[PDB]
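Student: A single structure is presented below for examination.
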Amino acid sequence: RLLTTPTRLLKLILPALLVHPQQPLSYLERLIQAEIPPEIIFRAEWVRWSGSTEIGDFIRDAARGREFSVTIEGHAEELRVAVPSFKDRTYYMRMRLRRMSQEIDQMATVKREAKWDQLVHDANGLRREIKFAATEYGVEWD
Amino acid sequence: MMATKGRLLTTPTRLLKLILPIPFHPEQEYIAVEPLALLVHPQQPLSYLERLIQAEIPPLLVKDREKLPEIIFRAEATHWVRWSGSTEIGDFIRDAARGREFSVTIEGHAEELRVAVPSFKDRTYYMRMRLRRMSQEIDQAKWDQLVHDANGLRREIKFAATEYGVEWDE
Amino acid sequence: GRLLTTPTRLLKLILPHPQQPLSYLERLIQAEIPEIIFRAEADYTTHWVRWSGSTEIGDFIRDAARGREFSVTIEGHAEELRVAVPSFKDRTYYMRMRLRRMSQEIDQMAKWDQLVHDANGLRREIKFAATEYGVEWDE
Amino acid sequence: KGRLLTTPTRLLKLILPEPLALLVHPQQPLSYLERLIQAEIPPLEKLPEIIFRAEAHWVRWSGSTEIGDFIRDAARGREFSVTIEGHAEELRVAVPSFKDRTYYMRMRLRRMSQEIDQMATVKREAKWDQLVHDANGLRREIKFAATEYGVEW
């Protein structure tokens, strides 16, 4: 019920929330407590997790059990939240890489189909001979 | 000392054509001018040019046997210097680029021959035109930032792989 | 209903700033009224979901990019209003207009790499010449 | 007397006696100078061995020592001797100084350095740094919205 986002945030959905993976779980508790009448505890594997641990590191280890618990001081039924797989966390990221990589090959492929390295070698090399003659004749050149 | 001057011109290749005034009638046999055009490669030595001209001018006469006339190359210094026939043509010209006129002396011919050393614009005409063309072809960017941003993203995904404890690689 | 973009980071909507909380969007609407919640479409394969007032404005609508509209419940009457979300071309435009201008401006202007390198060699080639001659050399 | 001059390229022009002009490379051995000189002089028949001596107290450099390394040691004496097997008196050839050998070389650098400044000054006076950064930047923001909207760009 927690989704990776195009940016580096995380969307959470349960009986809609935003968090940063570098925020501590205390922030999650703060947001959750604001939508309810209140201690929020996080178990995952099983073991509870300190509210001073980063959410990023938390759902990381939670991938072992594919999900994690949320229990509330008062209510009796616990809440379970599925954690993103690695691929789930890296979808938009690996996508951006795939596209940038392809963007590069196009850029490089153009450079090749234009003989751009010989063009630079030819140009730079002959600008050298031109500059060199100017020094030989005792003149200046653009 | 001859009223007609020689010119050597540049070519778009490494080669040079040498235009010379030959003061011999084409049917003369021994020793106002006739033209001679000569393509030479800048690494051919001066001694090679001598051999070239000697084929296009009549022999000299010493006693009852013909001789190939000595041909010698001179240039500026403010006086005049004799150049070694083992000198490459291109390097010879390169040195004479300031005096704008060098001398070619034919044995048995009192009046020498002077060649106009080409101007800078002329010596460099073809190259400078190719530069303009090549430069024009280039003018028809985001690469550095793009490849940099990519490798960084490659790194973060490798990182999440090890943290999430899985293998990666596309 | 409609929400639209501005060339500055600010955002304009109208009806019957990105970093502000939804609570603020609720808080200042009440200045134009006699509890305001927000909702949007949610896929998992449809659904409507209530968003925390602590959600940033800009961070919120970026999640609603795919469904080009979102709900908003006001008290009193169960007649929810829907707001237009500008499509990609509509939002990126004022940016894309600046990019094209800039990229064209960049087009209006490299021997640099060779110069620097060719210089370093010369600088190195003379530094050596000084030492071989046992001389100090300054520029 | 004789003179050995630096040329705009790495070569060396040598002038010595109706003086004779020569072009040699600093990386060639003195034997090459001997070969070139012997061709422009009469024999003795066999070729005359010519020996090069620079100052130290006046010693002969081997025919296998490079001309470059020969003249940089000759600068101490600021000239060097050439003797021909046969001719009684010797030739002395002024050798270039360090500022002489590096004139054209240092001259090229000044022009390049200045050219580099002009190229860089244009970059400054045109806010080049802010240009690409704003460009590279808001490009990524655009490429990001496409990822958000699930579209291409």
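Chain lettering (A, B, ...) mirrors the order of the structure tokens, residue numbering begins at 1 for each chain separately, and ligand numbering begins at 1 in order of display.
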Counting only C-alpha atoms, what is within 10 Å of segment 97-110 of chain D, bar same-chain residues fewer than 2 positions away, as number ranges by chain?

Tutor: A: 131-132, 135-136; C: 115, 118-123, 125-126, 129-135, 137, 139; D: 5-10, 12, 71-72, 74-76, 78-79, 94-95, 112-116

Student: Might you pull out every residue within 10 Å of residue 14 of chain B, with only C-alpha atoms counted and same-chain residues fewer than 4 positions away left off, and present them as a compact mmCIF listing (two decimals) with N, CA, C and O atoms, in the first residue's frame?

Tutor:
```txt
# COMPACT_ATOMS: atom_id res chain seq x y z
N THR B 10 50.73 27.04 -54.26
CA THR B 10 50.31 25.95 -53.41
C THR B 10 49.20 25.15 -54.10
O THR B 10 48.51 25.65 -54.98
N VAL B 40 56.07 19.29 -57.43
CA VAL B 40 57.10 18.72 -56.56
C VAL B 40 56.47 18.40 -55.21
O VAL B 40 55.50 19.05 -54.79
N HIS B 41 57.00 17.39 -54.55
CA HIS B 41 56.58 16.98 -53.22
C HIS B 41 57.52 17.58 -52.18
O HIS B 41 58.74 17.50 -52.35
N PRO B 42 56.99 18.20 -51.12
CA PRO B 42 57.86 19.02 -50.24
C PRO B 42 59.01 18.26 -49.61
O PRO B 42 59.96 18.89 -49.14
N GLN B 43 58.96 16.93 -49.60
CA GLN B 43 60.03 16.12 -49.03
C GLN B 43 61.08 15.72 -50.06
O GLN B 43 62.14 15.23 -49.67
N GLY B 90 60.10 21.64 -49.16
CA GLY B 90 59.19 22.32 -48.25
C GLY B 90 59.91 23.07 -47.14
O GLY B 90 59.61 24.24 -46.87
```

Student: Using only C-alpha atoms and a cut-off of 10 Å, which residues of chain D sit close to chain B? Please list them as JSON, numbers by chain.

Tutor: {"D": [7, 8, 9, 11, 13, 15, 16, 17, 18, 19, 20, 21, 22, 23, 24, 36, 37, 39, 40, 132, 133, 135, 136, 137, 139, 140]}

Student: Give the residues of chain B that lie within 9 Å of chain A; count only C-alpha atoms, and format the answer as a PyMOL selection string.

Tutor: chain B and resi 94-95+97-98+119-120+123-124+127-128+130-131+134-135+137-138+143+146-147+149-151+153-154+156-157+160-161+163-166

Student: Would you kindly report the residues of chain C within 10 Å of chain A, using only C-alpha atoms, as a list in words?

Tutor: residues 39, 40, 42, 44, 48, 49, 50, 51, 52, 53, 54, 55, 56, 59, 60, 62, 63, 110, 111, 114, 115 and 118 of chain C
